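Take a look at this single chain, the form deposited in one PDB entry, given in structure tokens.
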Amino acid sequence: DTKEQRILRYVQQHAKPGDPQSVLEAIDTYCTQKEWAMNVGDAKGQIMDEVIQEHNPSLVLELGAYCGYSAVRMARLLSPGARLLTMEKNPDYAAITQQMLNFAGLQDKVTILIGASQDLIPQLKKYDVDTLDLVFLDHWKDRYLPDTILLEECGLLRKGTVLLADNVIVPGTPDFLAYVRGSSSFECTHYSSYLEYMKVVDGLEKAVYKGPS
């Protein structure tokens, strides 16, 4: 079994069905115990919650998924009529994410789009998306800049659209942080989670779009 299959199995065996908090705790406990991801609730979940709750988005796009932790984290916060679209190229990751949301009872809050972002971002209009309220960029940081460019080109960002990117601790290429910070179109905040010691464990960037030209 893959790691993502083993995470789902642990949830199925230990978490309370229909209880998103229980599912999140189970994923976090298991991954921390295996040393695959340390204390994600503390390192990024609390920041995700802060940003989403300050903005109350009606339409969230998640770019990237692995085991569904982030999707459950966000979907549990959405109001009636609000929804999450989760886009992921790897069908195995998308399948685990679907089953994780099902177990949490959050499946009606989410649509899972299985495909490459280059192919699917230009088709988000077919999902009745005019503009997005919040975009969560998950794990695969080298995709963040080209995905942001595609969102701009497809007219999916409005004045006030929030981008929140995970796993931006060290410089990479393409350099998403340099792009949003350097551009006058984005207002930016960086978050560094240290847990209880002095080394960064996770880093996130919030970039708020100022609107199209």
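Numbers for residues come from their place in the sequence shown, where the first is 1. By rigid core we mean the largest C-alpha set that fits within 1.5 Å across both forms.
Omitted here: the form deposited in another entry. The next part is about that form.
Rigid-core fit between the shown form and the other one: of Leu156, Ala37, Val180, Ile52, the one residue whose Cα shifts 2 angstroms or more is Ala37. Superposition on the rigid core between the shown form and the other one places the CA atom of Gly203 2 Å or more away from its counterpart.
Closer approach of the C-alpha atoms of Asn90 and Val40, by 3 angstroms or more, is seen in the other entry than in the present form. Panel note: the distance between the CA atoms of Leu61 and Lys206 is larger in the other entry than in this form, the difference being 3 Å or more.
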